[PDB]
file my_file05.cif (mmCIF, C-alpha atoms)
data_run
loop_
_atom_site.group_PDB
_atom_site.id
_atom_site.type_symbol
_atom_site.label_atom_id
_atom_site.label_comp_id
_atom_site.auth_asym_id
_atom_site.auth_seq_id
_atom_site.Cartn_x
_atom_site.Cartn_y
_atom_site.Cartn_z
ATOM 1 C CA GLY L 1 15.762 -2.960 22.003
ATOM 2 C CA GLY L 2 12.722 -0.670 21.553
ATOM 3 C CA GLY L 3 10.055 -0.838 18.795
ATOM 4 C CA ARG L 4 9.049 1.735 16.096
ATOM 5 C CA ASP L 5 12.167 1.944 13.835
ATOM 6 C CA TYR L 6 10.369 3.033 10.622
ATOM 7 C CA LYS L 7 13.257 5.057 9.119
ATOM 8 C CA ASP L 8 16.513 4.550 7.105
ATOM 9 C CA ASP L 9 20.107 4.112 8.578
ATOM 10 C CA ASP L 10 21.149 1.892 11.612
ATOM 11 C CA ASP L 11 19.375 -1.463 12.461
ATOM 12 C CA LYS L 12 15.589 -1.198 11.773
ATOM 13 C CA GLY L 13 14.871 -3.789 9.079
ATOM 14 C CA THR L 14 12.650 -1.492 7.021
ATOM 15 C CA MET L 15 12.177 -2.079 3.277
ATOM 16 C CA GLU L 16 11.162 0.430 0.576
ATOM 17 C CA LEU L 17 8.141 -0.074 -1.755
ATOM 18 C CA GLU L 18 6.959 1.697 -4.942
ATOM 19 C CA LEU L 19 3.319 2.597 -4.190
ATOM 20 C CA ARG L 20 1.679 3.306 -7.544
ATOM 21 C CA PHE L 21 -1.698 5.142 -7.276
ATOM 22 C CA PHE L 22 -4.217 5.357 -10.165
ATOM 23 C CA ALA L 23 -7.602 7.069 -10.773
ATOM 24 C CA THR L 24 -9.192 8.679 -7.575
ATOM 25 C CA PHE L 25 -6.413 7.237 -5.299
ATOM 26 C CA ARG L 26 -3.867 8.997 -7.615
ATOM 27 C CA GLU L 27 -5.300 12.562 -7.267
ATOM 28 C CA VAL L 28 -5.836 11.992 -3.491
ATOM 29 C CA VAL L 29 -2.095 11.300 -3.074
ATOM 30 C CA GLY L 30 -1.397 13.796 -5.913
ATOM 31 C CA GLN L 31 1.294 11.284 -6.993
ATOM 32 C CA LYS L 32 1.035 8.307 -9.447
ATOM 33 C CA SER L 33 4.023 6.381 -7.947
ATOM 34 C CA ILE L 34 6.011 7.013 -4.690
ATOM 35 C CA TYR L 35 8.559 5.168 -2.499
ATOM 36 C CA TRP L 36 7.412 4.499 1.113
ATOM 37 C CA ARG L 37 9.472 3.054 3.979
ATOM 38 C CA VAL L 38 7.630 0.366 6.034
ATOM 39 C CA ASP L 39 9.105 -2.580 8.019
ATOM 40 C CA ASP L 40 10.142 -5.792 6.099
ATOM 41 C CA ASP L 41 7.385 -7.757 7.944
ATOM 42 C CA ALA L 42 4.710 -5.183 6.907
ATOM 43 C CA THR L 43 2.514 -6.419 3.986
ATOM 44 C CA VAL L 44 0.071 -4.748 1.436
ATOM 45 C CA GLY L 45 -2.644 -4.587 4.131
ATOM 46 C CA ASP L 46 -0.395 -2.683 6.615
ATOM 47 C CA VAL L 47 0.640 -0.358 3.747
ATOM 48 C CA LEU L 48 -2.967 0.745 2.883
ATOM 49 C CA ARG L 49 -3.715 0.717 6.689
ATOM 50 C CA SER L 50 -1.028 3.388 7.110
ATOM 51 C CA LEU L 51 -1.955 5.202 3.778
ATOM 52 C CA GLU L 52 -5.364 6.368 5.196
ATOM 53 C CA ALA L 53 -3.630 7.564 8.407
ATOM 54 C CA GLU L 54 -1.842 10.082 6.113
ATOM 55 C CA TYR L 55 -4.444 10.798 3.411
ATOM 56 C CA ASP L 56 -8.035 11.785 4.379
ATOM 57 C CA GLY L 57 -9.054 11.125 0.738
ATOM 58 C CA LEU L 58 -8.030 7.435 1.255
ATOM 59 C CA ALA L 59 -9.780 7.065 4.695
ATOM 60 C CA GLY L 60 -12.096 3.990 4.845
ATOM 61 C CA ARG L 61 -12.092 3.252 1.056
ATOM 62 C CA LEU L 62 -8.901 1.076 1.159
ATOM 63 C CA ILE L 63 -9.887 -1.103 4.223
ATOM 64 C CA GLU L 64 -13.170 -3.063 4.661
ATOM 65 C CA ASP L 65 -13.644 -5.231 7.836
ATOM 66 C CA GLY L 66 -9.858 -5.906 8.136
ATOM 67 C CA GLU L 67 -9.414 -6.975 4.446
ATOM 68 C CA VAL L 68 -8.647 -4.642 1.460
ATOM 69 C CA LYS L 69 -12.285 -3.824 0.133
ATOM 70 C CA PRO L 70 -14.928 -5.284 -2.316
ATOM 71 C CA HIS L 71 -14.340 -4.138 -5.982
ATOM 72 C CA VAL L 72 -11.085 -2.225 -5.075
ATOM 73 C CA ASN L 73 -8.325 -3.255 -7.506
ATOM 74 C CA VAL L 74 -5.026 -3.573 -5.617
ATOM 75 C CA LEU L 75 -1.811 -5.075 -7.025
ATOM 76 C CA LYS L 76 1.614 -6.399 -6.001
ATOM 77 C CA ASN L 77 4.540 -6.677 -8.507
ATOM 78 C CA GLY L 78 1.774 -6.219 -11.182
ATOM 79 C CA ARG L 79 -0.277 -9.149 -9.736
ATOM 80 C CA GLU L 80 -3.734 -7.958 -8.564
ATOM 81 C CA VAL L 81 -3.929 -9.240 -4.910
ATOM 82 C CA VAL L 82 -7.772 -9.179 -4.945
ATOM 83 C CA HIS L 83 -7.438 -12.623 -6.708
ATOM 84 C CA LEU L 84 -5.083 -13.828 -3.880
ATOM 85 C CA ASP L 85 -3.998 -12.583 -0.391
ATOM 86 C CA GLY L 86 -4.777 -8.822 -0.336
ATOM 87 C CA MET L 87 -3.724 -8.174 3.287
ATOM 88 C CA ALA L 88 -0.572 -10.409 3.406
ATOM 89 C CA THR L 89 0.758 -11.546 -0.006
ATOM 90 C CA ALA L 90 4.652 -11.440 -0.235
ATOM 91 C CA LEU L 91 6.013 -7.847 0.218
ATOM 92 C CA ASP L 92 9.825 -7.626 -0.189
ATOM 93 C CA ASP L 93 12.237 -4.675 -0.765
ATOM 94 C CA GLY L 94 12.132 -2.653 -4.031
ATOM 95 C CA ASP L 95 8.597 -4.065 -4.744
ATOM 96 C CA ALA L 96 5.708 -2.164 -6.502
ATOM 97 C CA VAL L 97 2.183 -2.123 -4.939
ATOM 98 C CA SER L 98 -0.187 -0.645 -7.591
ATOM 99 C CA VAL L 99 -3.683 0.527 -6.432
ATOM 100 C CA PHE L 100 -6.942 1.488 -8.183
ATOM 101 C CA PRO L 101 -10.184 2.699 -6.322
ATOM 102 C CA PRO L 102 -13.307 0.348 -6.223
ATOM 103 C CA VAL L 103 -14.929 -0.048 -9.677
ATOM 104 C CA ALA L 104 -18.699 0.017 -10.417
ATOM 105 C CA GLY L 105 -19.184 -3.672 -11.361
ATOM 106 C CA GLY L 106 -22.980 -3.325 -11.690
#
call {"tool": "encode", "arguments": {"input": "my_file05.cif", "output": "structure tokens"}}
result
Amino acid sequence: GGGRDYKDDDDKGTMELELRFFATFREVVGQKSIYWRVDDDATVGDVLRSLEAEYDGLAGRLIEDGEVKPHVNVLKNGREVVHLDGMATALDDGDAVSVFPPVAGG
């Protein structure tokens, strides 16, 4: 079989995630919570990787050097993945990835 099956219906193995945006990231998307369709294997890092490919207002500020970003507050089922694996935590179907832009910690 061929690759790229990032849709609903038929075999594809894509899951659906509630991507909750807050602060700057919220007004960029213009939406405070959405439901995206990525593959089941795709994790929080792939999600924000793809998010900038859509939104110019998210470009660069959600990826730093292949990880999420210093000071950016990104979450996963309410658990802020900056304290754990940001790029590849545990993303399953019906989940909720919450995101906040990088905070001035000095």
call {"tool": "resolve_selection", "arguments": {"input": "my_file05.cif", "expression": "the PyMOL selection byres ((chain L and resi 85) around 12)", "output": "list in words"}}
result
residues 43, 44, 45, 67, 68, 74, 75, 76, 79, 80, 81, 82, 83, 84, 86, 87, 88, 89, 90 and 91 of chain L
call {"tool": "atom_distance", "arguments": {"input": "my_file05.cif", "atom1": "CA of residue 73 in chain L", "atom2": "CA of residue 105 in chain L"}}
result
11.5 Å
call {"tool": "residues_near_point", "arguments": {"input": "my_file05.cif", "point": "(-9.5, 3.7, -7.2)", "cutoff": "7 Å", "atoms": "only C-alpha atoms", "output": "mmCIF file with C-alpha atoms, in the frame of the given file"}}
result
data_model
loop_
_atom_site.group_PDB
_atom_site.id
_atom_site.type_symbol
_atom_site.label_atom_id
_atom_site.label_comp_id
_atom_site.auth_asym_id
_atom_site.auth_seq_id
_atom_site.Cartn_x
_atom_site.Cartn_y
_atom_site.Cartn_z
ATOM 1 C CA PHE L 22 -4.217 5.357 -10.165
ATOM 2 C CA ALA L 23 -7.602 7.069 -10.773
ATOM 3 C CA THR L 24 -9.192 8.679 -7.575
ATOM 4 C CA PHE L 25 -6.413 7.237 -5.299
ATOM 5 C CA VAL L 72 -11.085 -2.225 -5.075
ATOM 6 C CA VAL L 99 -3.683 0.527 -6.432
ATOM 7 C CA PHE L 100 -6.942 1.488 -8.183
ATOM 8 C CA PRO L 101 -10.184 2.699 -6.322
ATOM 9 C CA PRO L 102 -13.307 0.348 -6.223
#
call {"tool": "residues_near_point", "arguments": {"input": "my_file05.cif", "point": "(14.9, 2.2, 13.9)", "cutoff": "12 Å", "atoms": "all atoms listed in the file", "output": "number ranges by chain"}}
result
L: 1-15, 37-39
call {"tool": "write_last_selection", "arguments": {"input": "my_file05.cif", "atoms": "C-alpha atoms", "output": "PDB file, keeping the file's coordinate frame"}}
result
ATOM      1  CA  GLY L   1      15.762  -2.960  22.003  1.00  0.00           C
ATOM      2  CA  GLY L   2      12.722  -0.670  21.553  1.00  0.00           C
ATOM      3  CA  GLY L   3      10.055  -0.838  18.795  1.00  0.00           C
ATOM      4  CA  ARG L   4       9.049   1.735  16.096  1.00  0.00           C
ATOM      5  CA  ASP L   5      12.167   1.944  13.835  1.00  0.00           C
ATOM      6  CA  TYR L   6      10.369   3.033  10.622  1.00  0.00           C
ATOM      7  CA  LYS L   7      13.257   5.057   9.119  1.00  0.00           C
ATOM      8  CA  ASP L   8      16.513   4.550   7.105  1.00  0.00           C
ATOM      9  CA  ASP L   9      20.107   4.112   8.578  1.00  0.00           C
ATOM     10  CA  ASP L  10      21.149   1.892  11.612  1.00  0.00           C
ATOM     11  CA  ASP L  11      19.375  -1.463  12.461  1.00  0.00           C
ATOM     12  CA  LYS L  12      15.589  -1.198  11.773  1.00  0.00           C
ATOM     13  CA  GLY L  13      14.871  -3.789   9.079  1.00  0.00           C
ATOM     14  CA  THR L  14      12.650  -1.492   7.021  1.00  0.00           C
ATOM     15  CA  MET L  15      12.177  -2.079   3.277  1.00  0.00           C
ATOM     16  CA  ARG L  37       9.472   3.054   3.979  1.00  0.00           C
ATOM     17  CA  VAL L  38       7.630   0.366   6.034  1.00  0.00           C
ATOM     18  CA  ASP L  39       9.105  -2.580   8.019  1.00  0.00           C
TER      19      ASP L  39
END
call {"tool": "resolve_selection", "arguments": {"input": "my_file05.cif", "expression": "the PyMOL selection byres ((chain L and resi 28) around 12)", "output": "PyMOL selection string"}}
result
chain L and resi 21-27+29-32+51-52+54-59+61+100-101
call {"tool": "atom_distance", "arguments": {"input": "my_file05.cif", "atom1": "CA of residue 48 in chain L", "atom2": "CA of residue 98 in chain L"}}
result
10.9 Å
call {"tool": "atom_distance", "arguments": {"input": "my_file05.cif", "atom1": "CA of residue 96 in chain L", "atom2": "CA of residue 77 in chain L"}}
result
5.1 Å
